[PDB]
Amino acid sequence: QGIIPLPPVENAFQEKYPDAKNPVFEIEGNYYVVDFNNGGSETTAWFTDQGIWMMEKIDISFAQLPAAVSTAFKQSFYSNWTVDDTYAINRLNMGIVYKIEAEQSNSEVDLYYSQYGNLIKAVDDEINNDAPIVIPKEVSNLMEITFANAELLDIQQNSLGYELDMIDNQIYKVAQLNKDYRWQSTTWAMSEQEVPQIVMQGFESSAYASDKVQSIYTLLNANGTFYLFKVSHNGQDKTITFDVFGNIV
């Protein structure tokens, strides 16, 4: 069953997955897609016409998730929902992404996580919603110049343009690009211990020093570098922005 793959596809497939069993190929969009058993795990892999491997999706159990991911889920808005399926997704030149499919009553959500438990996105479940992501030349050029060591996890389209989700020395960084892929901003959560001394002293000498710290983000944009302290009091949240001298802006 399924179709006969082109020889370069068959060759790339057999070279990458020598232990594959019961492979079944089909054409979906611009890719040769193969469902198969690999070391007892149901796997799907995507290849281009020329046999270039682009992605794999592996069926895993909840117990096979890294601790950081299972903990992220357990601490999430959806922790009480029933987990239906869990997957590991590897795309060409991208870091690993874990997918948890969860349901409750008449709703079903697809949760995508970094290996460190960073929620990349949450979407309504739909069948066949996971496919290859071609990295545009503009994005590879930007990564080489500005984020040389980082590893992309996802490229998402939004109204303002594109979002790059990446891991940079285990930091989950989100960069916004406009519709022409021109960089606009980068933001990430940091630990209080990592905030520069001058900024941290500003915060500790400010009105907000006694408030509960919910999170701290660095924000980089055309205007410079900023530190966003999200603090709370009586269950109300406020985000206070500090500049590089530790002054409130």
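Start at 1 and count along the sequence shown; that's the residue number.
Two stretches are in play, 106-114 and 165-173, and the higher mean C-alpha B-factor belongs to 106-114. Taking the PDB entry as given, 121-129 carries the higher mean Cα B factor of the two stretches 121-129 and 68-76. If you compare the C-alpha temperature factors of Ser215, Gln197, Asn37, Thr187 in the entry, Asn37 comes out highest. The top Cα temperature factor in the record, among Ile58, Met55, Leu219, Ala222, falls on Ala222.
Among all modelled residues in this chain, the alpha-carbon of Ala45 has a temperature factor (C-alpha) in the lowest third. Compared with the other modelled residues of the chain, the Cα B-factor recorded for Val244 ranks in the lowest third. Sorting the modelled residues of the chain by their CA temperature factor places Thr86 in the middle third. For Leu160, the recorded CA B-factor ranks within the highest third of the chain. Only modelled residues enter the ranking.
Compared with the other modelled residues of the chain, the Cα B-factor recorded for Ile96 ranks in the lowest third.
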